[PDB]
**Student:** 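There's a structure below that I have some questions on.
Scope of the values below: all heavy atoms of this structure, side chains included, with no hydrogens, waters or symmetry mates. Just so it is clear: chains get the letters A, B, ... in the order the sequence lines come, proteins before strands, and each one is counted from 1. Atoms within a ligand are numbered from 1 in the order they appear, just like the ligands themselves.
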Amino acid sequence: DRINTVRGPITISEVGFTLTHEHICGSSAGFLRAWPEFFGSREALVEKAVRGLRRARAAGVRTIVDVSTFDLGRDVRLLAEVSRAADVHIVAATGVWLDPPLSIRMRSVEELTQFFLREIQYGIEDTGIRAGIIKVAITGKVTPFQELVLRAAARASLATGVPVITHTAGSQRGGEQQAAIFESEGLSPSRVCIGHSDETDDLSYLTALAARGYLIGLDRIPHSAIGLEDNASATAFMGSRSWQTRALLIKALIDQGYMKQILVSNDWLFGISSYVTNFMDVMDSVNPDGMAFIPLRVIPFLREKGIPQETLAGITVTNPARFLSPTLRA
Amino acid sequence: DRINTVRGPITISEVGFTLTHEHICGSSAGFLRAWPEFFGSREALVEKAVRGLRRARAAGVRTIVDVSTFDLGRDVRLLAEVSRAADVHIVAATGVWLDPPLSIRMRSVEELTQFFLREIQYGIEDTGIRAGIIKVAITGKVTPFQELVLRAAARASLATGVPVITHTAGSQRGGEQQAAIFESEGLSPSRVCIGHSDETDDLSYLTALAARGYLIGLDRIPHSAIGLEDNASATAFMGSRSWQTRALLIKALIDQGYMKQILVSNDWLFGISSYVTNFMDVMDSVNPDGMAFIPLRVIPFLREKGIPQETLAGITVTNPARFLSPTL
Ligand SMILES: C[As](C)(=O)[O-]
Ligand SMILES: C[As](C)(=O)[O-]
Ligand SMILES: [Zn+2]
Ligand SMILES: [Zn+2]
Ligand SMILES: [Zn+2]
Ligand SMILES: [Zn+2]
Ligand SMILES: [Zn+2]
Ligand SMILES: [Zn+2]
C-alpha cells in the first residue's frame with residue numbers, strides 16, 4: 001500500500017520513524033512568496049529547515065507529516081526542496097486551519113469537500129503533489145464554519161481513505177465535539193487523530209476517546225513557557241506545563257492498554273509569521289533540539305521510566321504507518 | 001516621473017484614458033493557484049478578462065489600475081498575461097484590504113511600511129513587477145490595525161511618491177477620519193484618493209474633501225441591485241442606488257468647481273471568490289458592459305447633461321495621470 005509524499009508515493013516499509021504533527025513553516029497563503037524577507041530570505045528558511053531535518057534524521061526520524069494547510073501558508077515546493085535536501089520524507093496536508101481567508105470561509109460543505117478532494121486526488125496547486133492527510137481545527141465551541149470543515153473532512157476521508165488530524169484551540173478538552181460530528185458522517189474513529197491532546201491533564205477524557213478507537217495526538221511535547229514569565233505571548237502560545245508532565249501522559253496511556261492509539265510529535269517549525277515577530281527565536285530558546293526533541297529527549301525519558309523498546313517502536317513506527325496508510329473502511 | 005505597470009514603465013503621455021479603480025479578479029492570496037477550478041479554470045478566467053478588457057479598450061480605455069492587494073488575491077502574473085493579450089496598461093497595487101491573514105495583521109506599522117516599500121521599490125513576489133499605487137481599506141470606525149495600515153501607506157507614499165487609494169466598507173463615509181490620519185503623517189492630500197465616495201449622497205462631505213485637495217473616487221458607478229431586491233447578497237454588495245444617481249455626483253462636483261479632484265471607475269472584475277458563490281453572474285447580469293460601462297454609458301450621460309467633452313477628458317485622462325505620476 002502507498003502513502004503520498006512531496007516526492008511521490010512511498011511504501012509502508014519506507015515510512016519508518018515518523019513525526020505525525022510538524023510544520024516546515026507556519027505562515028499564511030502566499031506570504032512566503034510575497035515577503036520572503038520576513039524570514040531573512042527564502043534561502044535562509046530553506047537552510048534552517050534542512051539543517052533541522054538533518055538533525056532529526058540523525059536522531060532516527062525518517063518521515064514527518066507537515067500538517068500545514070492552505071491557510072497556514074503551506075508551500076509544497078518548499079517542502080519538496082527541503083525533503084530532498086535532508087533525505088526525510090514529508091507528507092503534505094489539505095484541510096483548513098484557524099485563519100481561512102474569505103475565499104475559503106465563504107464556502108459550503110460541498111465546496112470544501114471538493115477542495116479537499118482536489119488536493120488529495122489531483123494535487124496541490126500545479127505541482128502534482130498530493131495531500132496524505134486532512135488537517136482541521138476548531139475553537140472552544142465548534143463554530144458553524146468549523147462544523148462544515150469537519151464534515152467536509154470526514155467526507156473527503158471517506159472517499160479517499162486518508163486520515164484526519166484535528167485539535168481544539170483555546171481549551172484543554174473539546175475532542176468530544178469533533179468525535180460526535182465525525183461519527184455522524186460515518187467516519188471510523190481509527191481514521192482520526194485528536195491532536196494537541198497533551199494540553200490537558202484529564203487522563204479519563206483521553207482514555208475514553210482511545211477506548212472509542214480515536215488516535216490520541218500527544219504532539220506539543222516541547223511547548224512550554226516555563227522560565228519565560230517575562231513573556232505573555234510565549235505563555236499564551238506554549239503554556240505553563242513542563243515537558244516531562246506532558247511526556248508522562250504517553251506512559252499513562254500505555255499503562256491503560258492503549259499504546260496502539262498514541263501518536264507523538266513536537267509540533268515544531270523552522271519559521272513562523274502567523275504570530276508575533278521573532279516568535280521563532282523564543283521557541284528556539286525553549287527547545288534548541290527542534291524536531292529532534294522527541295527522539296533525543298522523550299524517547300530516552302520513557303525508556304528510563306521502564307517503557308520497553310518494542311513499545312516505543314510501536315508508537316513511533318507502527319502506529320503512524322497504520323494511521324497514514326489510506327484505508328477506506330475499518 | 002514614469003509610471004510602473006505590469007509590462008514595465010510607461011510615460012505620462014502613454015497613460016491615456018484611465019479607469020482608476022478596477023480588478024482583474026477579487027480573491028484571496030494563493031487561492032487562484034490552489035483552486036483554479038473555482039473559476040472554471042485559470043484559462044477560462046484569462047479568456048474572460050481578455051475579452052472584457054478588449055471591449056473596454058475599443059471603448060477608449062487605455063489604462064486600468066488594478067487595486068487588488070495581496071489579501072485580495074492579487075496575482076500579478078495573471079495581470080501581466082491579461083494586460084499583454086488585451087493590450088491595455090495595468091497598474092498593480094500594494095497595500096492591505098479587509099481580509100489580512102495573520103501574517104499581515106500581526107505586523108507593526110514599521111513592518112507594513114517595509115512590505116509596501118518592497119512591493120513598490122523591489123517588486124511583487126519574484127516578478128520584478130513594481131506596484132504603482134497603495135490600496136487601503138477601512139471599516140466604519142478605523143480599527144487600531146487599520147490605522148497602522150493607513151500610517152504605513154502614508155510613509156510608503158512619502159518615500160516613493162506613489163499615491164494612496166482608500167475606501168470605507170459599505171455605503172458609509174469615513175474620509176474625514178482617513179484624512180486626519182494621513183495628514184498627521186504629513187501626506188499631501190493630492191497623493192490620496194478617497195475611494196468609493198459614490199456610496200454616499202452627502203455632497204457637503206464630498207465637496208469639503210475636494211476643497212482640501214483630496215481626489216474623490218466616484219468609482220463604483222455601475223453597482224446597483226435595483227431590480228434584484230429578492231437577492232440580499234446583491235443588495236449588500238452593490239446597494240440600492242441607481243447608476244445614474246452615482247453618476248450625478250460627478251456632475252455635482254464639476255458644478256461646484258472641483259473637476260480636477262474627480263476620479264471615475266467601475267470597480268469591476270472578471271472573477272470573484274471572496275464573496276458568495278456565482279456572484280460574478282449576478283454582477284454581469286446587471287452590467288453587461290463590464291469595464292466598458294464608464295466610457296459607453298457614463299460619459300455620454302454626462303455629455304447629455306451638458307458637461308463639455310473637454311471637462312470629461314480632463315477627468316478621465318488628465319486627472320488620473322497627475323494622480324499616478326510619482327511625486328516626492
Ligand atoms: C500551527 As499550530 C500552533 O495550530 O499547531
Ligand atoms: C474587492 As471590493 C468589494 O473592495 O471592490
Ligand atoms: Zn495546532
Ligand atoms: Zn499542532
Ligand atoms: Zn501544528
Ligand atoms: Zn472596495
Ligand atoms: Zn472597490
Ligand atoms: Zn474594488
**Student:** Main chain of A:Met283, side chain of A:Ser285: is a donor-acceptor contact present, judged purely on distance under 3.5 Å?
**Tutor:**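 No; zero donor-acceptor contacts below 3.5 Å.
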
**Student:** Can you tell whether the side chains of B:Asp99 and A:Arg105 come within less than 4.0 Å, N to carboxylate O?
**Tutor:** yes

**Student:** Does the ring centre of A:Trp243 sit less than 6.0 Å away from the ring centre of A:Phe293?
**Tutor:** yes

**Student:** Under 4.0 Å between a side-chain nitrogen and a carboxylate oxygen: does that hold for A:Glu147 and A:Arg151?
**Tutor:**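 Yes, charged N to carboxylate O under 4.0 Å.
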
**Student:** Return all protein N, O or S atoms below 2.8 Å from the Zn ion (ligand 3), chain by chain in residue order.
**Tutor:**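 As for protein N, O or S atoms lying under 2.8 Å from the Zn ion (ligand 3), they are A:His196 NE2.
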
**Student:** Charged N to carboxylate O under 4.0 angstrom, A:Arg74 versus A:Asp66?
**Tutor:**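 Looking at A:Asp66 together with A:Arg74, the answer is no, because their closest N to O distance does not fall below 4.0 Å.
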
**Student:** Do A:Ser13 and A:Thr11 pair up side chain to side chain, a donor and an acceptor below 3.5 Å, judged on atom types alone?
**Tutor:**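 Yes - a donor-acceptor pair under 3.5 Å links their side chains.
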
